[PDB]
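To start, the structure under review is shown below, and the notes come after it.
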Amino acid sequence: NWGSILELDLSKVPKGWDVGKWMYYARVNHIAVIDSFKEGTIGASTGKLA
Amino acid sequence: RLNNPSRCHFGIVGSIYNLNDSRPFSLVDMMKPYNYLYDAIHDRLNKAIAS
């Protein structure tokens, strides 16, 4: 028995941010800044991907 | 003492509250880990209250 496990996708962590420091500030502030207009989201935004 | 010339001691009298010739496991010793866990969890509580 282990707790629930969350599947976290990092496709929206802002540019120039490490995952470690991003998650660290998310711990501290309970607020995680994300970037909906990353280049990796271009297909979904423009309708080229699901 | 009456019969033993070698029986003598100093003014110091006391006892160790131990178990079977060991070092004493005091009441504070057996409440301390819980107090430390309390302090850590209340630290989390205070940091939550601040945010």
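Every chain in the structure tokens takes a letter, A first, then B, and so on in the order presented; its residues are numbered from 1, and the ligands are numbered from 1 following the presented order.
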Interface list for chain A, partner chain B, 9 Å threshold, only C-alpha atoms, as JSON, numbers by chain: {"A": [28, 29, 30]}
Can I get the selection written as a PDB file, in the first residue's frame, with N, CA, C and O atoms?
ATOM      1  N   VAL A  28       6.333  26.202  -1.962  1.00  0.00           N
ATOM      2  CA  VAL A  28       6.373  27.308  -1.017  1.00  0.00           C
ATOM      3  C   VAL A  28       5.107  28.149  -1.123  1.00  0.00           C
ATOM      4  O   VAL A  28       4.462  28.453  -0.115  1.00  0.00           O
ATOM      5  N   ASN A  29       4.724  28.522  -2.340  1.00  0.00           N
ATOM      6  CA  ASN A  29       3.617  29.439  -2.554  1.00  0.00           C
ATOM      7  C   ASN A  29       2.289  28.753  -2.812  1.00  0.00           C
ATOM      8  O   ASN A  29       1.263  29.437  -2.827  1.00  0.00           O
ATOM      9  N   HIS A  30       2.268  27.441  -3.022  1.00  0.00           N
ATOM     10  CA  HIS A  30       1.069  26.702  -3.417  1.00  0.00           C
ATOM     11  C   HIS A  30       0.511  27.168  -4.754  1.00  0.00           C
ATOM     12  O   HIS A  30      -0.627  26.830  -5.093  1.00  0.00           O
TER      13      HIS A  30
END
All helix (DSSP H, G or I) positions in chain A, as a ChimeraX atom specification: /A:19-29,39-46
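For the pair CA of residue 41 in chain A and CA of residue 16 in chain A, the interatomic distance is 16.2 Å.
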Atomic separation - CA of residue 26 in chain A relative to CA of residue 46 in chain A, Å: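 It comes out at 29.0 Å.
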Atomic distance CA of residue 2 in chain B - CA of residue 16 in chain B, expressed in Å with one decimal: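 One can read the CA of residue 2 in chain B to CA of residue 16 in chain B distance as 27.5 Å.
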Neighbour list for residue 19 in chain A as a list in words, cut-off 12 Å, only C-alpha atoms, skip fewer than 3 positions in-chain: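 In the requested form, the answer reads residues 8, 9, 10, 11, 12, 13, 14, 15, 16, 22, 23, 24, 25, 26, 32, 33 and 34 of chain A.
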